[PDB]
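Read in order, the letters of the sequence shown are residues 8 to 710 in the working numbering.
Just below is one structure, and these are the notes that go with it.
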Amino acid sequence: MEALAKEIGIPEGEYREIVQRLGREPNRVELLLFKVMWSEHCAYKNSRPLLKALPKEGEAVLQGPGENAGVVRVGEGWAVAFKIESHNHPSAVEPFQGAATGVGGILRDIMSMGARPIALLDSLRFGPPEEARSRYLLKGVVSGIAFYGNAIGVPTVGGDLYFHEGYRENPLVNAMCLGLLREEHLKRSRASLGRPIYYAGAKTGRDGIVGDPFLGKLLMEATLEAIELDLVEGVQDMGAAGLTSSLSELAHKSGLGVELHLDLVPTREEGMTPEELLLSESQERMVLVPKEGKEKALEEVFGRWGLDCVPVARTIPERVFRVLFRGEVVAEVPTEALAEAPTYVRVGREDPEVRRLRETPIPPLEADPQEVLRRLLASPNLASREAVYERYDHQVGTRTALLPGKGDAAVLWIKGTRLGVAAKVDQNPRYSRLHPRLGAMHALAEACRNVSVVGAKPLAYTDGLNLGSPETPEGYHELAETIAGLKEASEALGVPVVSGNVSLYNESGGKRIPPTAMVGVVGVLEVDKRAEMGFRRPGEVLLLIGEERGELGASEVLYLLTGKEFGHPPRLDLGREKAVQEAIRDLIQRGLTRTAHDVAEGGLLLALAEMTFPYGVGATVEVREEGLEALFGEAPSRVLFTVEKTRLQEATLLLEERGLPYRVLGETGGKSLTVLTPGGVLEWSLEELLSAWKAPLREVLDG
Ligand SMILES: Nc1ncnc2c1ncn2[C@@H]1O[C@H](COP(=O)(O)OP(=O)(O)O)[C@@H](O)[C@H]1O
Ligand SMILES: [Mg+2]
């Protein structure tokens, strides 16, 4: 029956392997099950072999890759679950539902760990902001993101937005979620023999073979209460491949099989066929396995939240996924056959054009810095995302609260404790397109730097990989270099992966999106020893860890002045990066500084301007090197911070004992940003910096 086989999308080679795993040919239904379970989305066929390289060990790791999300210990009995997913292709066809659905799904993965969602972060990539479609997609996904999150009660505390040429055809929408729980309640996707499997949530319809957040809230409370009462031994959310992936996965990890009675499955539409029920991806659906003797309890938990919770399947000793419908066995495939699909290895080769661009020498450039800073602040990639986060609410919850003082990483305070959880997601497409490996390294480094900058220690990360097809040598190369990049940054900084995602085939017409590894990092700190980026008072000494000179390759200023992106991305010394991150955390924990900000895209001056916005406090400094490289050039491992006058020596003593280059630029205060250079004084009023920075994205989004 190879006919229908290759007619649905299953490769001859793959089909032949399926007949040898079943010792027979699958019927129509079984064939449809494999088509979906063996697709790259579910099987990760081309990425698994490479992902084995990512370091997983870490002091704070409680749960790494394998479960619906990664979990790390944060102290005083608390733990944090988190993960990042993608909903690219669907957001492309319909931005509103795509984004909202991306949020619903990520939320369920975090809930299944028994962790109550405390925050959402979005990682977005669209084409240039002047193009109609780019504006459309941006309006769509943020509208959709706001809709689900605001309705379910989980705030979107931050994220990463970037506009770029390489995303014109394939936009990216990744959602990261943070959830907290008591370690004692850490649950996974396990089931013991002889247990019934419950189904709760919306009824199964003919969906993706729109999300309801209102029902999501109910679903979330019940699941969380159910686990908080220790009534379950396993919980699984239903997403891609619906019931099929939920149960087979659950069964496979449990070392046994599951018998599904489709007739007991709640239906929303009439005349639904077996495959339709099995492959529906209807939203807000949940699988739960009550512990022995707690079935009733589980039902009551859902009864309390006005939800139905009914038995739909049971575990069996035979490691198989047996599907029953109207009295007949319509499918019975071995669990292993469904969960362990073939993987592929290829030979990557870099796209010669990528090399050509990277090796292009950066030409001598000249421009009026008075205007370059204003032009950079007005760039849609550097301007305020204020109009975006204004769509979201619920910064204050029932256990956690977002600290309103703008820090480089979102900081969620755990009420009743001194604990604070910091989070950030990063990646630079320009660096990544020109040097995927260095781009990936920069992403993890930056994310960790941002958390370190508010005073928290990086505990682990989550990586949402987004690339073109792995078929072509150039594409596989980008995937390979991206993964090698993370490994290298991870090993050097001592920060392990705990979860993640992989989205491939993000390309059309031979045009590949810039390799995109959206790195999410979680860390913890004492809310009382926190730092934010805004200058808070006049008279503080302003210092810089690292050097003033940045590079122009793949930089913002280069793009602004040439309209192009080329050259080598900034070099990254992982040893320096680690030492700087520890230096800044020490500085903050010892109470020497409570205001820090790292120097990233746009260079020293842009970083400087961003610090005057939060409180309207200016700064006066001296930069010893003139030239674009010093004022706007980019370089990692650079951090700005302020100390109280009589504490300068202790801070400088600390940096010196760490062998770290540093400089005392000047002080804070006034209603201007003033910069002395060997060629004179450059000056801007905080007003002009502010208006230039505030307008760009606000009109694009609300105009
Ligand atoms: N790039 C990656 N890095 C680390 N872990 C990953 C990566 N991609 C996938 N994983 C892990 O492999 C598993 C598969 O993800 P997935 O099946 O898509 O979960 P779901 O479908 O419910 O969103 C998860 O445990 C996930 O955390
Ligand atoms: Mg930053």
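The beta-carbon is built from N, C-alpha and C at its ideal position, and this holds for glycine as well.
- The segment 78 to 95 makes no contact with the segment 46 to 56, as fewer than three CB pairs between them are under 8 Å.
- With distances taken between CA atoms, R381 lies nearest to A699 out of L285, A699, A658, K301.
- For the pair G223 and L114, the CB atoms are nearer than the 8 Å cut-off.
- Taking C-beta atoms under 8 Å as the contact rule, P135 and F103 fail to qualify, at a distance of about 21 Å.
- Separation of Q434 and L131 (C-alpha to C-alpha, rounded to the nearest whole angstrom) is 10 Å.
- If you draw a straight line from the Cα of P703 to the Cα of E137, it comes to about 11 Å.
- Put simply, the backbone Cα of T469 is about 8 Å away from that of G77.
- Cα atoms of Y351 and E21: separation of roughly 11 Å, rounded to the nearest angstrom.
- By the C-beta density criterion, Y143 is exposed, having fewer than 16 other C-beta atoms within 10 angstroms.
- The closest CA to that of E533, considering only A67, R31, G82, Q27, is found on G82.
- Residues of the same chain with a CB within less than 6 Å of the CB of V26, apart from the 5 flanking positions on each side, are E32 in chain order.
- In terms of Cβ geometry, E641 and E558 form a close pair [threshold 8 Å].
- Each residue's CA atom was taken as its position, placing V428 and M525 some 19 Å apart.
- When only Cα atoms are considered, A374 and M118 end up about 52 Å apart.
- Nearest in C-alpha terms to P477, of all of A450, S510, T684, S497, is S510.
- Here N53 is not bridged, per DSSP, to any residue.
- In terms of Cα proximity to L188, the closest of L236, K571, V148 is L236.
- In this structure, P97 lies away from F154, with their beta-carbon atoms at least 8 Å apart.
- For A338, the enclosing beta strand (DSSP E) has its first and last residue at 335 to 341.
- Measuring C-alpha to C-alpha distances from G16 to each of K42, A198, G676 identifies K42 as the nearest.
- Assignment of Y622 by DSSP, reduced to helix, strand and coil, places it in the coil class.
- Per DSSP, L144 lies in no beta strand (DSSP E); the unbroken alpha helix (DSSP H) holding it starts and ends at 139 to 159.
- Following the DSSP letters along the chain, one finds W700 inside the alpha helix (DSSP H) bounded by residues 693 to 708.
- The alpha-carbon separation between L284 and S93 amounts to approximately 24 Å.
- In the DSSP assignment, the residues bridged to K518 are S515.
- Within the segment 170 to 213, the complete beta strand (DSSP E) runs of at least 3 residues fall at 179 to 189, 203 to 208.
- Per the DSSP secondary-structure output, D605 pairs in a beta bridge with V646.
- Bounds of the beta strand (DSSP E) holding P465 are 464 to 473.
- Annotation for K678: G623, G625, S692, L693, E694 place their beta carbon closer than 8 Å to its own, counting only its chain and skipping 5 residues before and after.
- Under the rule that a run must span 4 or more residues, the alpha helix (DSSP H) segments found entirely inside the segment 21 to 100 read 35 to 44, 47 to 50, 55 to 58, 95 to 100.
- Collapsing the DSSP output to three states places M525 in a strand.
- CA-CA distance, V340 to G264, rounds to 10 Å.
- Look at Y351 here: in three-state DSSP terms it is coil, with no helix or strand label.
- In the three-state reduction of the DSSP assignment, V361 falls in the helix class, which pools H, G and I.
- The beta carbon of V606 lies closer than 6 Å to those of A614, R645 in the same chain, with the five residues before and after it left out.
- Look at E92: its beta carbon is less than 7 Å from one of the heavy atoms in ligand 1.
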